[PDB]
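As provided, model.cif (mmCIF, C-alpha atoms and all ligand atoms) reads as follows.
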```
data_my_file
loop_
_atom_site.group_PDB
_atom_site.id
_atom_site.type_symbol
_atom_site.label_atom_id
_atom_site.label_comp_id
_atom_site.auth_asym_id
_atom_site.auth_seq_id
_atom_site.Cartn_x
_atom_site.Cartn_y
_atom_site.Cartn_z
ATOM 1 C CA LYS A 1 -6.378 -23.020 16.323
ATOM 2 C CA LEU A 2 -8.013 -20.595 13.894
ATOM 3 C CA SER A 3 -11.212 -19.877 15.788
ATOM 4 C CA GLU A 4 -14.548 -19.138 14.138
ATOM 5 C CA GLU A 5 -13.998 -15.387 14.317
ATOM 6 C CA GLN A 6 -10.494 -15.655 12.833
ATOM 7 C CA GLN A 7 -11.560 -17.750 9.850
ATOM 8 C CA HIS A 8 -14.152 -15.017 9.314
ATOM 9 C CA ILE A 9 -11.599 -12.174 9.504
ATOM 10 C CA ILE A 10 -9.476 -13.939 6.880
ATOM 11 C CA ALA A 11 -12.450 -14.727 4.640
ATOM 12 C CA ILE A 12 -13.513 -11.079 4.828
ATOM 13 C CA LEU A 13 -10.043 -9.677 4.062
ATOM 14 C CA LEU A 14 -9.540 -12.081 1.165
ATOM 15 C CA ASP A 15 -12.820 -10.922 -0.377
ATOM 16 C CA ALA A 16 -12.198 -7.244 0.403
ATOM 17 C CA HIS A 17 -8.869 -7.553 -1.389
ATOM 18 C CA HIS A 18 -10.492 -9.325 -4.325
ATOM 19 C CA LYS A 19 -13.076 -6.563 -4.613
ATOM 20 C CA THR A 20 -10.349 -3.905 -4.690
ATOM 21 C CA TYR A 21 -7.551 -5.465 -6.730
ATOM 22 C CA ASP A 22 -8.137 -6.245 -10.406
ATOM 23 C CA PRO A 23 -5.258 -8.507 -11.572
ATOM 24 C CA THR A 24 -6.028 -7.662 -15.200
ATOM 25 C CA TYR A 25 -5.371 -3.981 -14.462
ATOM 26 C CA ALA A 26 -7.984 -2.970 -17.051
ATOM 27 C CA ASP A 27 -8.652 0.506 -15.600
ATOM 28 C CA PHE A 28 -5.039 1.514 -16.256
ATOM 29 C CA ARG A 29 -6.300 2.655 -19.654
ATOM 30 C CA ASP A 30 -8.099 5.579 -18.022
ATOM 31 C CA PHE A 31 -4.821 6.951 -16.617
ATOM 32 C CA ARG A 32 -2.962 9.693 -18.493
ATOM 33 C CA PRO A 33 -0.601 7.912 -20.955
ATOM 34 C CA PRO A 34 2.866 7.023 -19.653
ATOM 35 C CA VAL A 35 5.785 8.789 -21.357
ATOM 36 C CA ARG A 36 9.234 7.197 -21.366
ATOM 37 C CA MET A 37 11.087 9.715 -23.550
ATOM 38 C CA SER A 38 12.384 17.736 -19.388
ATOM 39 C CA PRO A 39 12.161 14.681 -17.087
ATOM 40 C CA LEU A 40 9.215 13.880 -14.819
ATOM 41 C CA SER A 41 7.681 12.405 -17.955
ATOM 42 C CA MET A 42 6.091 9.600 -15.881
ATOM 43 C CA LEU A 43 4.658 11.941 -13.237
ATOM 44 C CA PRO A 44 1.203 12.231 -14.866
ATOM 45 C CA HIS A 45 0.819 8.477 -15.408
ATOM 46 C CA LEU A 46 2.177 7.346 -12.037
ATOM 47 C CA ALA A 47 0.318 10.177 -10.261
ATOM 48 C CA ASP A 48 -2.873 8.720 -11.708
ATOM 49 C CA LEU A 49 -1.890 5.123 -10.853
ATOM 50 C CA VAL A 50 -1.164 6.134 -7.279
ATOM 51 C CA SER A 51 -4.364 8.196 -7.108
ATOM 52 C CA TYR A 52 -6.292 5.158 -8.338
ATOM 53 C CA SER A 53 -4.476 2.962 -5.829
ATOM 54 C CA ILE A 54 -5.271 5.277 -2.926
ATOM 55 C CA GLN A 55 -8.979 4.864 -3.765
ATOM 56 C CA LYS A 56 -8.659 1.068 -3.763
ATOM 57 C CA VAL A 57 -6.653 1.023 -0.533
ATOM 58 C CA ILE A 58 -9.436 3.102 1.077
ATOM 59 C CA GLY A 59 -12.101 0.639 -0.076
ATOM 60 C CA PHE A 60 -10.004 -2.181 1.390
ATOM 61 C CA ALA A 61 -9.617 -0.402 4.714
ATOM 62 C CA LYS A 62 -13.365 0.155 5.088
ATOM 63 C CA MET A 63 -13.834 -3.628 4.982
ATOM 64 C CA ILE A 64 -11.278 -4.316 7.742
ATOM 65 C CA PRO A 65 -13.428 -5.666 10.602
ATOM 66 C CA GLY A 66 -13.282 -3.059 13.353
ATOM 67 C CA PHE A 67 -12.106 -0.157 11.182
ATOM 68 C CA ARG A 68 -15.619 1.234 10.834
ATOM 69 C CA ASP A 69 -15.826 1.538 14.631
ATOM 70 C CA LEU A 70 -12.975 4.067 14.661
ATOM 71 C CA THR A 71 -13.825 7.758 14.593
ATOM 72 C CA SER A 72 -14.004 9.754 11.383
ATOM 73 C CA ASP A 73 -10.744 11.528 12.176
ATOM 74 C CA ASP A 74 -8.790 8.400 13.149
ATOM 75 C CA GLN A 75 -9.857 6.647 9.966
ATOM 76 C CA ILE A 76 -8.532 9.691 8.119
ATOM 77 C CA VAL A 77 -5.263 9.728 10.031
ATOM 78 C CA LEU A 78 -4.636 5.988 9.473
ATOM 79 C CA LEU A 79 -5.303 6.215 5.720
ATOM 80 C CA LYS A 80 -3.244 9.329 5.084
ATOM 81 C CA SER A 81 -0.201 7.798 6.774
ATOM 82 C CA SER A 82 -0.440 4.250 5.420
ATOM 83 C CA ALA A 83 -1.633 4.905 1.875
ATOM 84 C CA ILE A 84 1.822 4.938 0.255
ATOM 85 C CA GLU A 85 2.887 1.924 2.370
ATOM 86 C CA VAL A 86 -0.122 -0.230 1.420
ATOM 87 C CA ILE A 87 0.405 0.731 -2.240
ATOM 88 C CA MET A 88 4.031 -0.447 -1.965
ATOM 89 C CA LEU A 89 2.867 -3.505 -0.098
ATOM 90 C CA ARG A 90 -0.028 -4.331 -2.461
ATOM 91 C CA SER A 91 2.154 -3.649 -5.513
ATOM 92 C CA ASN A 92 4.234 -6.703 -4.617
ATOM 93 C CA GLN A 93 1.522 -8.670 -6.449
ATOM 94 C CA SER A 94 2.562 -7.233 -9.826
ATOM 95 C CA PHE A 95 6.267 -6.993 -8.995
ATOM 96 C CA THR A 96 8.499 -9.653 -10.573
ATOM 97 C CA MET A 97 12.038 -10.673 -9.644
ATOM 98 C CA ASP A 98 12.511 -11.756 -13.255
ATOM 99 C CA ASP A 99 13.582 -8.205 -14.077
ATOM 100 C CA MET A 100 12.903 -6.174 -10.891
ATOM 101 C CA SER A 101 9.845 -4.433 -12.327
ATOM 102 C CA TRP A 102 6.118 -4.139 -11.682
ATOM 103 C CA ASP A 103 4.481 -5.915 -14.593
ATOM 104 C CA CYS A 104 0.826 -4.974 -15.095
ATOM 105 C CA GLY A 105 -0.187 -6.727 -18.306
ATOM 106 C CA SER A 106 1.327 -4.821 -21.218
ATOM 107 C CA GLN A 107 4.560 -2.994 -22.032
ATOM 108 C CA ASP A 108 2.765 0.321 -21.495
ATOM 109 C CA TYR A 109 1.978 -0.749 -17.956
ATOM 110 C CA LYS A 110 5.283 -2.377 -17.049
ATOM 111 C CA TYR A 111 7.236 -0.215 -14.621
ATOM 112 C CA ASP A 112 10.891 -0.350 -13.620
ATOM 113 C CA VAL A 113 13.515 1.731 -11.834
ATOM 114 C CA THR A 114 13.777 4.266 -14.663
ATOM 115 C CA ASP A 115 10.039 4.959 -14.730
ATOM 116 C CA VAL A 116 10.154 5.562 -10.971
ATOM 117 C CA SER A 117 12.989 8.056 -11.419
ATOM 118 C CA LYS A 118 10.953 9.753 -14.167
ATOM 119 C CA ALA A 119 8.399 10.493 -11.447
ATOM 120 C CA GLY A 120 10.859 12.546 -9.429
ATOM 121 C CA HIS A 121 12.571 9.935 -7.229
ATOM 122 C CA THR A 122 16.238 8.976 -6.885
ATOM 123 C CA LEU A 123 18.033 5.898 -5.565
ATOM 124 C CA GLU A 124 17.377 7.462 -2.188
ATOM 125 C CA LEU A 125 13.926 5.844 -2.428
ATOM 126 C CA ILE A 126 14.322 3.411 -5.323
ATOM 127 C CA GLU A 127 17.201 1.337 -3.943
ATOM 128 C CA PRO A 128 15.398 0.501 -0.686
ATOM 129 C CA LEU A 129 12.089 0.255 -2.557
ATOM 130 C CA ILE A 130 13.358 -2.601 -4.770
ATOM 131 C CA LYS A 131 15.148 -4.122 -1.787
ATOM 132 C CA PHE A 132 11.742 -4.093 -0.057
ATOM 133 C CA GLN A 133 9.936 -5.729 -2.954
ATOM 134 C CA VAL A 134 12.606 -8.434 -3.190
ATOM 135 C CA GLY A 135 12.556 -9.313 0.503
ATOM 136 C CA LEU A 136 8.759 -9.335 0.478
ATOM 137 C CA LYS A 137 8.513 -11.432 -2.683
ATOM 138 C CA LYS A 138 10.918 -14.015 -1.249
ATOM 139 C CA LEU A 139 8.715 -14.597 1.804
ATOM 140 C CA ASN A 140 6.280 -16.220 -0.626
ATOM 141 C CA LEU A 141 3.321 -15.140 1.527
ATOM 142 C CA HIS A 142 0.000 -16.970 1.275
ATOM 143 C CA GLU A 143 -2.618 -14.524 -0.008
ATOM 144 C CA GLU A 144 -4.106 -14.785 3.521
ATOM 145 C CA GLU A 145 -0.933 -13.390 5.066
ATOM 146 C CA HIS A 146 -0.721 -10.752 2.323
ATOM 147 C CA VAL A 147 -4.133 -9.233 3.106
ATOM 148 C CA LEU A 148 -3.556 -9.546 6.843
ATOM 149 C CA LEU A 149 -0.270 -7.636 6.607
ATOM 150 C CA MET A 150 -1.907 -4.799 4.604
ATOM 151 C CA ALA A 151 -4.718 -4.466 7.174
ATOM 152 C CA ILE A 152 -2.232 -4.515 10.080
ATOM 153 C CA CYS A 153 -0.305 -1.752 8.280
ATOM 154 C CA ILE A 154 -3.415 0.417 7.970
ATOM 155 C CA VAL A 155 -4.504 -0.078 11.605
ATOM 156 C CA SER A 156 -1.280 0.954 13.367
ATOM 157 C CA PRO A 157 -1.620 2.776 16.738
ATOM 158 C CA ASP A 158 1.635 4.747 16.570
ATOM 159 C CA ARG A 159 0.650 6.830 13.526
ATOM 160 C CA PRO A 160 0.967 10.422 14.756
ATOM 161 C CA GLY A 161 -2.321 12.256 15.123
ATOM 162 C CA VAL A 162 -4.118 9.142 16.318
ATOM 163 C CA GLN A 163 -6.593 9.725 19.154
ATOM 164 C CA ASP A 164 -8.204 6.427 20.106
ATOM 165 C CA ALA A 165 -4.806 4.682 20.138
ATOM 166 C CA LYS A 166 -6.045 1.867 22.383
ATOM 167 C CA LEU A 167 -8.991 1.112 20.087
ATOM 168 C CA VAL A 168 -6.690 1.029 17.065
ATOM 169 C CA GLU A 169 -4.353 -1.304 18.972
ATOM 170 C CA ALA A 170 -7.249 -3.586 19.911
ATOM 171 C CA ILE A 171 -8.258 -3.843 16.259
ATOM 172 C CA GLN A 172 -4.684 -4.438 15.057
ATOM 173 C CA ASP A 173 -3.928 -6.946 17.848
ATOM 174 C CA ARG A 174 -6.969 -8.937 16.771
ATOM 175 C CA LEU A 175 -5.484 -8.984 13.263
ATOM 176 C CA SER A 176 -1.975 -9.907 14.503
ATOM 177 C CA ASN A 177 -3.237 -12.896 16.492
ATOM 178 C CA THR A 178 -5.197 -13.954 13.427
ATOM 179 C CA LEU A 179 -1.967 -13.774 11.410
ATOM 180 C CA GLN A 180 0.249 -15.384 14.073
ATOM 181 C CA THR A 181 -2.253 -18.230 14.414
ATOM 182 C CA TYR A 182 -2.740 -18.656 10.660
ATOM 183 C CA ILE A 183 1.023 -19.040 10.209
ATOM 184 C CA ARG A 184 1.285 -21.722 12.887
ATOM 185 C CA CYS A 185 -1.718 -23.720 11.659
ATOM 186 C CA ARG A 186 -1.667 -23.009 7.924
ATOM 187 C CA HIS A 187 1.906 -22.118 6.958
ATOM 188 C CA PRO A 188 4.180 -25.193 6.986
ATOM 189 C CA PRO A 189 7.959 -25.142 7.543
ATOM 190 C CA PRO A 190 10.437 -24.047 6.283
ATOM 191 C CA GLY A 191 8.556 -21.107 4.756
ATOM 192 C CA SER A 192 7.026 -20.380 8.163
ATOM 193 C CA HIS A 193 10.350 -20.013 9.969
ATOM 194 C CA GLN A 194 10.469 -16.520 11.449
ATOM 195 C CA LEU A 195 7.736 -15.647 8.956
ATOM 196 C CA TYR A 196 5.848 -13.446 11.415
ATOM 197 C CA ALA A 197 8.914 -11.579 12.667
ATOM 198 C CA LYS A 198 9.987 -11.115 9.056
ATOM 199 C CA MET A 199 6.576 -9.720 8.132
ATOM 200 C CA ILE A 200 6.664 -7.266 10.998
ATOM 201 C CA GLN A 201 10.146 -6.183 9.914
ATOM 202 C CA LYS A 202 8.697 -5.291 6.489
ATOM 203 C CA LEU A 203 6.287 -2.908 8.247
ATOM 204 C CA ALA A 204 9.363 -1.195 9.724
ATOM 205 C CA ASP A 205 11.046 -1.034 6.312
ATOM 206 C CA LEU A 206 7.889 0.673 5.042
ATOM 207 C CA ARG A 207 8.168 3.306 7.763
ATOM 208 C CA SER A 208 11.552 4.121 6.295
ATOM 209 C CA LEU A 209 10.192 4.154 2.731
ATOM 210 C CA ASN A 210 7.316 6.416 3.746
ATOM 211 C CA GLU A 211 9.807 8.845 5.295
ATOM 212 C CA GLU A 212 11.838 9.128 2.089
ATOM 213 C CA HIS A 213 8.610 9.421 0.111
ATOM 214 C CA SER A 214 7.551 12.373 2.255
ATOM 215 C CA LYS A 215 10.835 14.279 1.906
ATOM 216 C CA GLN A 216 10.959 14.070 -1.867
ATOM 217 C CA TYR A 217 7.254 14.936 -2.076
ATOM 218 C CA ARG A 218 8.065 18.145 -0.212
ATOM 219 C CA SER A 219 10.669 18.972 -2.864
ATOM 220 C CA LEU A 220 8.386 18.048 -5.744
ATOM 221 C CA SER A 221 5.332 19.963 -4.536
ATOM 222 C CA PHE A 222 7.874 22.685 -3.807
ATOM 223 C CA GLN A 223 7.200 23.788 -7.374
ATOM 224 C CA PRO A 224 3.528 24.294 -8.411
ATOM 225 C CA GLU A 225 4.534 23.262 -11.944
ATOM 226 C CA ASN A 226 4.824 19.657 -10.726
ATOM 227 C CA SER A 227 2.219 19.925 -7.971
ATOM 228 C CA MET A 228 -0.197 21.070 -10.671
ATOM 229 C CA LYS A 229 0.446 17.743 -12.499
ATOM 230 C CA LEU A 230 -0.937 15.600 -9.651
ATOM 231 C CA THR A 231 -4.571 14.756 -8.913
ATOM 232 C CA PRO A 232 -6.911 16.256 -6.286
ATOM 233 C CA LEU A 233 -6.941 13.115 -4.105
ATOM 234 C CA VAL A 234 -3.143 12.749 -4.184
ATOM 235 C CA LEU A 235 -2.759 16.408 -3.122
ATOM 236 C CA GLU A 236 -5.241 15.910 -0.307
ATOM 237 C CA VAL A 237 -3.796 12.626 0.997
ATOM 238 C CA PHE A 238 -0.042 13.346 0.710
ATOM 239 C CA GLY A 239 -0.390 17.067 1.436
ATOM 240 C CA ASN A 240 -1.796 20.284 -0.047
ATOM 241 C CA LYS B 1 -7.020 19.821 7.804
ATOM 242 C CA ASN B 2 -10.450 18.673 6.588
ATOM 243 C CA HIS B 3 -10.193 16.146 3.764
ATOM 244 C CA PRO B 4 -13.417 16.401 1.676
ATOM 245 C CA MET B 5 -12.480 13.635 -0.753
ATOM 246 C CA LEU B 6 -10.978 11.218 1.766
ATOM 247 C CA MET B 7 -14.036 11.979 3.902
ATOM 248 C CA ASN B 8 -16.510 11.131 1.127
ATOM 249 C CA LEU B 9 -14.662 7.952 0.109
ATOM 250 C CA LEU B 10 -14.709 6.686 3.715
ATOM 251 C CA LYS B 11 -18.366 7.599 4.246
HETATM 252 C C1 LIG C 301 -2.730 -1.877 -8.639
HETATM 253 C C2 LIG C 301 -1.396 -1.969 -8.360
HETATM 254 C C3 LIG C 301 -0.362 -2.759 -9.215
HETATM 255 O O1 LIG C 301 0.264 -3.753 -8.369
HETATM 256 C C4 LIG C 301 0.730 -1.818 -9.818
HETATM 257 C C5 LIG C 301 1.380 -0.885 -8.773
HETATM 258 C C6 LIG C 301 2.688 -0.709 -8.848
HETATM 259 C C7 LIG C 301 3.542 0.095 -7.991
HETATM 260 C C8 LIG C 301 4.625 0.793 -8.363
HETATM 261 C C9 LIG C 301 5.209 0.914 -9.806
HETATM 262 C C10 LIG C 301 5.052 2.385 -10.283
HETATM 263 C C11 LIG C 301 5.795 3.357 -9.284
HETATM 264 C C12 LIG C 301 5.237 3.168 -7.803
HETATM 265 C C13 LIG C 301 3.699 3.685 -7.736
HETATM 266 C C14 LIG C 301 6.096 3.824 -6.677
HETATM 267 C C15 LIG C 301 6.011 5.396 -6.490
HETATM 268 C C16 LIG C 301 6.504 6.241 -7.726
HETATM 269 C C17 LIG C 301 6.896 5.786 -5.279
HETATM 270 C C18 LIG C 301 6.354 7.015 -4.776
HETATM 271 C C19 LIG C 301 5.872 8.039 -4.438
HETATM 272 C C20 LIG C 301 5.237 9.300 -4.123
HETATM 273 O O2 LIG C 301 6.233 10.160 -3.547
HETATM 274 C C21 LIG C 301 4.629 9.935 -5.410
HETATM 275 C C22 LIG C 301 3.481 9.014 -6.044
HETATM 276 C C23 LIG C 301 2.787 9.738 -7.268
HETATM 277 C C24 LIG C 301 3.887 10.068 -8.388
HETATM 278 C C25 LIG C 301 5.012 11.021 -7.775
HETATM 279 C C26 LIG C 301 4.335 12.369 -7.235
HETATM 280 C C27 LIG C 301 3.252 12.032 -6.135
HETATM 281 C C28 LIG C 301 2.120 11.093 -6.753
HETATM 282 C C29 LIG C 301 3.972 11.299 -4.921
HETATM 283 C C30 LIG C 301 5.736 10.287 -6.569
HETATM 284 C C31 LIG C 301 5.674 2.991 -5.392
HETATM 285 C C32 LIG C 301 5.148 1.643 -5.869
HETATM 286 C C33 LIG C 301 5.496 1.662 -7.386
HETATM 287 C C34 LIG C 301 0.382 -0.279 -7.739
HETATM 288 C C35 LIG C 301 -0.732 -1.237 -7.181
HETATM 289 O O3 LIG C 301 -1.756 -0.467 -6.484
#
```
Show this structure as structure tokens.
Amino acid sequence: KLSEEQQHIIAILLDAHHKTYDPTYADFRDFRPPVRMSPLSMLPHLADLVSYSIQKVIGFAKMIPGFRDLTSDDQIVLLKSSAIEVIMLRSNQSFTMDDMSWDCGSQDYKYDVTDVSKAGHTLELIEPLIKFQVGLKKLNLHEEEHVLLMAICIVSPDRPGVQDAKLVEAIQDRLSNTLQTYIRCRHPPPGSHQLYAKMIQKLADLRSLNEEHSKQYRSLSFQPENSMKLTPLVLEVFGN
Amino acid sequence: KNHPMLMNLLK
């Protein structure tokens, strides 16, 4: 199939991704220097990376056909709830199964399980986080499916606080059918076996990851000393 | 909760 409108949706999302994801990770030099030596030594660096990533995820969302039609408040509710999920999702691009780490160019910007723990997280989040990256990496998604999955994650109707739930659903459904159809026409077997159902399952895994993220964030921000080390956007998006 | 920054980035 792949109608005219669907080839457009994919072309748009591919470009929107391209305009918001620099595979050379050159801006990482603006972030506060990472410290891998009191723990939480990676909090300043990773706080900045995440802050940066939230900005890029937002720019991506604004290019999702249909997203601009949502109200101001619904756009806000969808971004606040999916931000950490799309960052985990989009980070799969730099993640490598070679050594289970996110490799962004240089040693300075190569993150692993210990850096994550030096940001305030335990295996509570890390174990399933790496499990997530591994299952996602194995699916060997086409970049088309990758951007479609991120957009579907952002435009989810069940996010609490949503108002125009039916409008959100209409936008997401349009994206799902574009993805379901792209897989059937563009993704060849075996890689396409259960591919869609596996992709949706990843969205559920992310709901679990978000949940853990939220609980530990409550404990971290529990002490202004650490909360003071974040950025203004991170505080606003995850909670102030 | 009014999100000034998220608001401006979406605008
Ligand atoms: C441009 C890119 C590249 O692919 C590189 C990326 C890699 C992603 C990584 C490696 C570094 C650690 C990352 C951020 C994980 C983070 C630490 C998990 C989390 C979380 C949040 O609770 C939290 C994130 C920041 C630091 C700390 C305080 C607060 C701000 C809340 C923990 C999730 C994805 C991982 C991000 C992506 O946007």
Interatomic distance, atom CA of residue 179 of chain A to atom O3 of ligand LIG 301 (chain C) (Å, one decimal):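 It comes out at 22.3 Å.
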Pull out every residue of chain A sitting within 10 Å of chain B, counting all atoms listed in the file, and send them as a PDB file with C-alpha atoms, in the frame of the given file.
```pdb
ATOM      1  CA  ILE A  54      -5.271   5.277  -2.926  1.00  0.00           C
ATOM      2  CA  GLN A  55      -8.979   4.864  -3.765  1.00  0.00           C
ATOM      3  CA  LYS A  56      -8.659   1.068  -3.763  1.00  0.00           C
ATOM      4  CA  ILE A  58      -9.436   3.102   1.077  1.00  0.00           C
ATOM      5  CA  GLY A  59     -12.101   0.639  -0.076  1.00  0.00           C
ATOM      6  CA  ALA A  61      -9.617  -0.402   4.714  1.00  0.00           C
ATOM      7  CA  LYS A  62     -13.365   0.155   5.088  1.00  0.00           C
ATOM      8  CA  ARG A  68     -15.619   1.234  10.834  1.00  0.00           C
ATOM      9  CA  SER A  72     -14.004   9.754  11.383  1.00  0.00           C
ATOM     10  CA  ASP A  73     -10.744  11.528  12.176  1.00  0.00           C
ATOM     11  CA  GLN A  75      -9.857   6.647   9.966  1.00  0.00           C
ATOM     12  CA  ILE A  76      -8.532   9.691   8.119  1.00  0.00           C
ATOM     13  CA  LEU A  79      -5.303   6.215   5.720  1.00  0.00           C
ATOM     14  CA  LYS A  80      -3.244   9.329   5.084  1.00  0.00           C
ATOM     15  CA  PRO A 232      -6.911  16.256  -6.286  1.00  0.00           C
ATOM     16  CA  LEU A 233      -6.941  13.115  -4.105  1.00  0.00           C
ATOM     17  CA  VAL A 234      -3.143  12.749  -4.184  1.00  0.00           C
ATOM     18  CA  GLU A 236      -5.241  15.910  -0.307  1.00  0.00           C
ATOM     19  CA  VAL A 237      -3.796  12.626   0.997  1.00  0.00           C
ATOM     20  CA  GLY A 239      -0.390  17.067   1.436  1.00  0.00           C
ATOM     21  CA  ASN A 240      -1.796  20.284  -0.047  1.00  0.00           C
TER      22      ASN A 240
END
```
Counting all atoms listed in the file, the residue of A:174, A:207, A:8, A:215 that sits nearest residue 84 of chain A: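 Ranking A:174, A:207, A:8, A:215 by distance to residue 84 of chain A, first place goes to A:207.
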Which of A:181, A:223, A:156, A:214 sits closest to ligand LIG 301 (chain C) [using all atoms listed in the file]: A:214
Distance in Å - atom CA of residue 7 of chain A versus atom CA of residue 133 of chain A: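 Computing it gives 27.8 Å between the two atoms.
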Residues matched by the PyMOL selection byres (((not hetatm)) within 6 of (chain C and resi 301)), written as a PyMOL selection string: chain A and resi 43+46-47+50+53+87-88+90-91+93-94+102+111+116+119+213+217
Between atom CA of residue 218 of chain A and atom CA of residue 159 of chain A - distance in Å to one decimal: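 Going from atom CA of residue 159 of chain A over to atom CA of residue 218 of chain A, I get 19.3 Å.
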N, CA and C atoms for segment 108-128 of chain A, written as a short mmCIF file (atom, residue, chain, number, x, y, z; two decimals), in the frame of the given file, could you do that?
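Now in rebuild_2.cif:
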```cif
data_model
loop_
_atom_site.label_atom_id
_atom_site.label_comp_id
_atom_site.auth_asym_id
_atom_site.auth_seq_id
_atom_site.Cartn_x
_atom_site.Cartn_y
_atom_site.Cartn_z
N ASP A 108 3.16 -1.02 -21.93
CA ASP A 108 2.76 0.32 -21.50
C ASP A 108 2.70 0.38 -19.98
N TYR A 109 2.15 -0.68 -19.39
CA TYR A 109 1.98 -0.75 -17.96
C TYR A 109 2.97 -1.68 -17.27
N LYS A 110 4.23 -1.58 -17.66
CA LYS A 110 5.28 -2.38 -17.05
C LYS A 110 6.27 -1.34 -16.54
N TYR A 111 6.37 -1.23 -15.22
CA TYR A 111 7.24 -0.22 -14.62
C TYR A 111 8.51 -0.74 -13.98
N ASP A 112 9.59 0.01 -14.17
CA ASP A 112 10.89 -0.35 -13.62
C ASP A 112 11.53 0.85 -12.93
N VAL A 113 12.78 0.68 -12.52
CA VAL A 113 13.52 1.73 -11.83
C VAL A 113 13.61 3.06 -12.59
N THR A 114 13.68 3.02 -13.92
CA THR A 114 13.78 4.27 -14.66
C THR A 114 12.45 5.02 -14.69
N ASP A 115 11.34 4.29 -14.74
CA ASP A 115 10.04 4.96 -14.73
C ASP A 115 9.87 5.66 -13.38
N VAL A 116 10.26 4.99 -12.31
CA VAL A 116 10.15 5.56 -10.97
C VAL A 116 10.96 6.85 -10.88
N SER A 117 12.16 6.85 -11.44
CA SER A 117 12.99 8.06 -11.42
C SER A 117 12.37 9.16 -12.29
N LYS A 118 11.60 8.77 -13.30
CA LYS A 118 10.95 9.75 -14.17
C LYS A 118 9.65 10.24 -13.54
N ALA A 119 9.55 10.06 -12.22
CA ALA A 119 8.40 10.49 -11.45
C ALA A 119 8.92 11.45 -10.39
N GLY A 120 10.24 11.64 -10.38
CA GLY A 120 10.86 12.55 -9.43
C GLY A 120 11.64 11.92 -8.29
N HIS A 121 11.83 10.61 -8.30
CA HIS A 121 12.57 9.94 -7.23
C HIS A 121 13.97 9.47 -7.64
N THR A 122 14.86 9.40 -6.66
CA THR A 122 16.24 8.98 -6.88
C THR A 122 16.47 7.62 -6.22
N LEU A 123 17.72 7.17 -6.20
CA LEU A 123 18.03 5.90 -5.56
C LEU A 123 17.78 6.01 -4.07
N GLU A 124 17.64 7.23 -3.60
CA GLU A 124 17.38 7.46 -2.19
C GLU A 124 16.16 6.62 -1.79
N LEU A 125 15.15 6.61 -2.66
CA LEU A 125 13.93 5.84 -2.43
C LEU A 125 13.91 4.53 -3.20
N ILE A 126 14.32 4.58 -4.46
CA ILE A 126 14.32 3.41 -5.32
C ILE A 126 15.15 2.22 -4.84
N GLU A 127 16.38 2.46 -4.39
CA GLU A 127 17.20 1.34 -3.94
C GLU A 127 16.48 0.56 -2.83
N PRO A 128 16.09 1.25 -1.74
CA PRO A 128 15.40 0.50 -0.69
C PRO A 128 14.02 0.00 -1.13
#
```
